[PDB]
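Here's the structure we're looking at; comments come further down.
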Amino acid sequence: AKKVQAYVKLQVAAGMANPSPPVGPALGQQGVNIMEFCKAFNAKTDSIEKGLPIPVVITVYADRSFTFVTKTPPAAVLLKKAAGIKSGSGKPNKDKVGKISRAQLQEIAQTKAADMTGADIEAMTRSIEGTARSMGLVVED
Amino acid sequence: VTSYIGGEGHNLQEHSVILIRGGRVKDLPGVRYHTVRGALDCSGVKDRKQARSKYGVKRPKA
Amino acid sequence: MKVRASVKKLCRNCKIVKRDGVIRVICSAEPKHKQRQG
Amino acid sequence: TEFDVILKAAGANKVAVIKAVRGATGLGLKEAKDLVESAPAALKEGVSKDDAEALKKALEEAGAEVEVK
Amino acid sequence: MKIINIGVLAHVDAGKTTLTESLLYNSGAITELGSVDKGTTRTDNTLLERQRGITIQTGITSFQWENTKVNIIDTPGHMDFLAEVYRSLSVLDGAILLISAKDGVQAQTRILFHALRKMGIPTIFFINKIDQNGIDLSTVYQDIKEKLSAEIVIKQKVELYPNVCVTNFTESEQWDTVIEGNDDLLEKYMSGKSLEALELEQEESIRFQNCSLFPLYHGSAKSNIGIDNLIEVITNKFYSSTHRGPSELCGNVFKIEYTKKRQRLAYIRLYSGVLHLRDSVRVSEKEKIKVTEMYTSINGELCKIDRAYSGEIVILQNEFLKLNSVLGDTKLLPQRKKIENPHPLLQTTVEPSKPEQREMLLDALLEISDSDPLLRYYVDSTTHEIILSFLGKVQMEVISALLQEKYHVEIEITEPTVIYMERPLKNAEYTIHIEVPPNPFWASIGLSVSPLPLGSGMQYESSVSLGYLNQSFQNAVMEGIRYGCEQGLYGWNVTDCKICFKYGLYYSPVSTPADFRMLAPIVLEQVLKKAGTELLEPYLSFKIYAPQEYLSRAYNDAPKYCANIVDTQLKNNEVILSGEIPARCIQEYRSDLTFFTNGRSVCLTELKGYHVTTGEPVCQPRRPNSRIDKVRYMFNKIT
RNA sequence: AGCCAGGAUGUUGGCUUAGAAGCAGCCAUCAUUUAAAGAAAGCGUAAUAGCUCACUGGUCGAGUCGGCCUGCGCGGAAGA
């Protein structure tokens, strides 16, 4: 397991193939081709969905392309199609922008557990749900 | 002198050496000369057909 | 170098000495922070 | 994935061989010449099988004796 | 019979022309000074050149060695106006780059070298300044190999010390890869066994004809070591001249120069045949042109000749002689051409000093047009301001010193016209009125200009119904609106206009198309008074190619420039990025890339997107307008 | 006090979709895995990355750090 060399977790919606205003120079900043994030970017994306910003490892070598294992979208953007409102903070405690419940967010939390690291699910629960708390969202426990 | 630039449109500007013939204009007092269109730095009038011996235009190549 | 009447530590790596009685602030990091008097 | 390609006999195609050599390495024409002339001579050491077989087949195409170990 | 031409690609101030001078000394005398340090003769010719410490233009000098002619030219490797040196490539088949001891060949030299690769003609390396500290005895040559990207190998080896070895080499065993490329040399190599150096020398001559690799060279001229034998290699290795005399005679001009005592001299090479003295000859203008006089430019002094040998180059006077004009017709050659890869290398203003002397100064600019082909200028400005196509820093010093020498005029400018374009702020109603409340003419209309998307340009529609619009009346209103588009209240050109005409009351007995046409401009200025305006400026994209190691530092240039960051990509060791910056600040960008890259920088751009907006205070360039009737009424409208 | 260690996945987080990605400005200032780790005091980025400190291990082995009060001193302090 080699350490830091070039891998960076940055790209927008997984449905946006070959970006240039979003990523562009950021993905092709190194020797890796701009084409590498369209022909190979949707090779794993199509299996689930599109339009979801999902981070992926970009460990660039001298071997043209690179090795990668795609991970899990951020809880933030997940709370739009699974929250109702597409917005978020700006006014955290100043006003209650939205709300869910532990019965639904704890329900979604363990799905991301393949990427999450915890001794037990409950922990990841209060973690991700607290992430929801930062958005001005208050859990309906 | 102060020659009158005939024809329609001209490439003359600031300096640019031209050619001057006689002939008043009888409408602009003080002007007693003409410019020889097509001669020297003064190109001929664009897209003329009739009376092109004046204005310096060559015979329609087409 | 600066020769101010007041010579407080600018950077973190600034150190106060008192060579030849005259107080100085030598900085191993930034050569601009080197100052005398005070 | 660590195969060694040795050259035993260039055969009746020292020309093609020399090409394969310098081509697989990039040594000076001379160096390559001497190498072959100093047969047997190791062409590559600890190279990918694909690569090993690639040159190997090349040698065969020319008609030379190669060694794979 | 004749003698092959020889180049002198002294890239990055190689000083190779001085090597040409020392070569002129070795080829002497029997009666010559032998030259001296600095300038110094060496066919320096024009004043301000040797005084400037560098030639302002490529020269020429007749020479002979090994019982054969040996023409050579130098240096034009400076800067900066190197396109004339590219013109020199047409003037000769040979070449002789002067490699620096400083980190191999100079990066500026690489451009002329690759251009030489475009030339399709033979060249040979030279290890100049061998007698100096820090010389790359085994390092700089490696830079020559890594940079040359070919298969060049030294014809000799030397190191010092006071040593000056040349013929002692070279490349035993390991050498001969160029022979390996040949099927014949590859066959003899297939045969095995050692062989005579000449036997591989034949294949070396075969590849040498193709310019497959540059011949090796070594030694500094200052040490007087290897500066002679290398010239012998230039004499023997050089391709034979295409002598014939079969006719008919043909050729073309390569360059021309305005000597103060000339007053002009048109150099030309005899591509085929020969031209008898005082005889008529064909011209590209399709008119007869007798050769009244011509003579070879000997390095010690110019000399007349009764006739030119085939393949020979020589200057000749003429009543006229356009650059690259046919001398046949006609010669047939194919080669690439370029001029420092730029339409204009940052044009700069050049307003003449004095009320009247500047008019003569423009004629001096015409004289500049007479000189180097790679230059252009025109009075695009209404003020007839000059805008030279010439580019580079030192080249401006050359044109300026030339202005201070051969001529008696000078100017100081660089900013040039802003080329700003004003656009409407928002739609607003307006009307000139009706009848004569009022001012002439009686004709009037209710113009209704509206805001438009950027880059849309001027736009209008005939909202007025017939016959009030008139079949041949409203068009005068349109031409008049175009007349009002000629200048805004700020004096900036109109842009993104949307003038939708509405009302158009008029009286028949007094109505004229000219009256309504005069009325239009008042409606335009009136709508402009209410629009509030908004400045618009050019924002052309600016692609750039710089080495990746400096690529981060170039990002630092981004913050220093108005131009926005843009998508870019790597290209091998090279790096590239697509910029997008305003033309007003774009001129300094070439200086920025020139500084950050250490001269390794390169860039290109083209104008696009009129939309942009700029600050601050919305400054505008006066002014419009005069020389037309009705403007006084417009002045009356203001109060 | 010095010494090789460590100082995490989503956080490209919502934000004015040009970015603010611990560190322009916003408000929030999560909770886990835990010997420890601020969703961060400074540095460095177009923004990342990156380099540090907080903090905590161990090596280490005895006093040490920061205010308050005052005494007497140094600097600030160059003229014919």
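Bear in mind these aren't lab numbers, they're just calculated from the coordinates by the rules spelled out. Positions of Cβ are generated from backbone atoms using ideal geometry, with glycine treated the same way; all protein chains shown enter the neighbour counts.
Whenever a residue of the range A:55-81 is free of Cβ contacts under 8 Å to residues at least 40 places away in the same chain and within 11 Å of RNA strand F (Cβ to nearest atom), its partners that are charged (D, E, K, R) and part of a loop (DSSP other than H, G, I, E, B), lying with C-beta atoms within less than 7 angstrom and at least six residues away or across chains, give the pairs A:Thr70/A:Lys44; A:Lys80/A:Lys86. Checking every residue in the range E:148-165 against the condition of being surrounded by fewer than 19 Cβ atoms within 10 Å (Cβ to Cβ), more than 23 Å from E:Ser223 (Cβ to Cβ) and more than 12 Å from every other protein chain (Cβ to nearest Cβ) gives at least one match. Within the range E:538-566, residues that are within 13 Å of another protein chain (Cβ to nearest Cβ) have Cβ atoms under 7 Å from residues that are within 13 Å of RNA strand F (Cβ to nearest atom) and of a type in the set (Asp, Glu) in these pairs: E:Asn564/E:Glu580; E:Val566/E:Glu580, counting only partners at least 6 apart in sequence or on another chain.
When the criteria are applied in full, E:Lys38 meets the requirement of being more than 26 Å from E:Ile206 (Cβ to Cβ) and among the charged types (D, E, K, R). Among the residues of the range E:243-250, are any in contact (Cβ under 8 Å) with a residue 24 or more places away in the chain and within 32 Å of the chain's Cα centre (by Cα)? Yes - at least one qualifying residue is present in the range E:243-250. Listed by first and then second residue, the pairs with beta-carbon distance under 7 Å, at least 6 apart or on different chains, first residue in the range A:1-13 and in contact (Cβ under 8 Å) with a residue 24 or more places away in the chain and over 13 Å from A:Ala26 (Cβ atoms), second near RNA strand F (Cβ under 6 Å from one of its atoms) and of a type outside the set (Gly, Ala, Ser), are A:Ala13/A:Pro53. Within the range A:105-116, is even one residue near RNA strand F (Cβ under 6 Å from one of its atoms), in a helix (DSSP H, G or I) and of a type outside the set (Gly, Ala, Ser)? Yes: the range A:105-116 contains one or more residues that are near RNA strand F (Cβ under 6 Å from one of its atoms), in a helix (DSSP H, G or I) and of a type outside the set (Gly, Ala, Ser).
Say we look at the range D:11-60 and pick out the residues that are away from every other protein chain (no Cβ under 12 Å) and of a type in the set (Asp, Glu); which of these is surrounded by the fewest Cβ atoms within 10 Å (Cβ to Cβ)? So, considering only residues that are away from every other protein chain (no Cβ under 12 Å) and of a type in the set (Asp, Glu), the one surrounded by the fewest Cβ atoms within 10 Å (Cβ to Cβ) is D:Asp50. Criterion first (closer than 16 Å to A:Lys9 by Cα, in a loop (DSSP other than H, G, I, E, B) and away from chain E (no Cβ under 14 Å)) does A:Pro73 satisfy it? Spelling it out, A:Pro73 is indeed closer than 16 Å to A:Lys9 by Cα, in a loop (DSSP other than H, G, I, E, B) and away from chain E (no Cβ under 14 Å). Consider E:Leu89 carefully, then state whether it is in a strand (DSSP E or B) and of a type outside the set (S, T, N, Q). Judged against the criteria, E:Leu89 is not a match. Confirm whether A:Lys2 is within 8 Å of RNA strand F (Cβ to nearest atom), part of a loop (DSSP other than H, G, I, E, B) and of a type in the set (D, E, K, R). For A:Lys2, the condition - within 8 Å of RNA strand F (Cβ to nearest atom), part of a loop (DSSP other than H, G, I, E, B) and of a type in the set (D, E, K, R) - is not met. Selection over the range B:1-31 of residues that are of a type outside the set (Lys, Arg), surrounded by 10 or more Cβ atoms within 10 Å (Cβ to Cβ) and not in a loop (DSSP other than H, G, I, E, B) gives a count of 2. Residue under question is E:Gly245, and the condition is that it be away from every other protein chain (no Cβ under 14 Å), in contact with a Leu (Cβ under 8 Å, 6 or more places away or on another chain) and more than 17 Å from E:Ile96 (Cβ to Cβ); does it hold? So E:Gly245 fails the test. Looking across E:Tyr483, E:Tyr490, one residue alone is out of contact with any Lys or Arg (no Cβ under 6 Å at 6 or more places or on another chain), within 26 Å of E:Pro621 (Cα to Cα) and assigned to a helix (DSSP H, G or I). It is E:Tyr483. Candidates in the range E:164-194 are the residues that are among the polar types (S, T, N, Q) and without any contact (Cβ under 8 Å) to a residue 12 or more places away in the chain; of these, the one that is nearest to D:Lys30 (Cα to Cα) is E:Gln174. For the range A:91-104, the criterion of being within 12 Å of RNA strand F (Cβ to nearest atom) and under 30 Å from A:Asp46 (Cβ atoms) is satisfied by no residue at all. A single entry from A:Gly24, A:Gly15, A:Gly28 fulfils the requirement of being surrounded by fewer than 18 Cβ atoms within 10 Å (Cβ to Cβ) and either within 14 Å of RNA strand F (Cβ to nearest atom) or over 17 Å from A:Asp63 (Cα atoms) (or both): A:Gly15.
Here D:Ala24 does not qualify as within 25 Å of E:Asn182 (Cα to Cα), over 9 Å from the mean Cα position of the chain (by Cα) and among the hydrophobic types (A, V, I, L, M, F, W, C).
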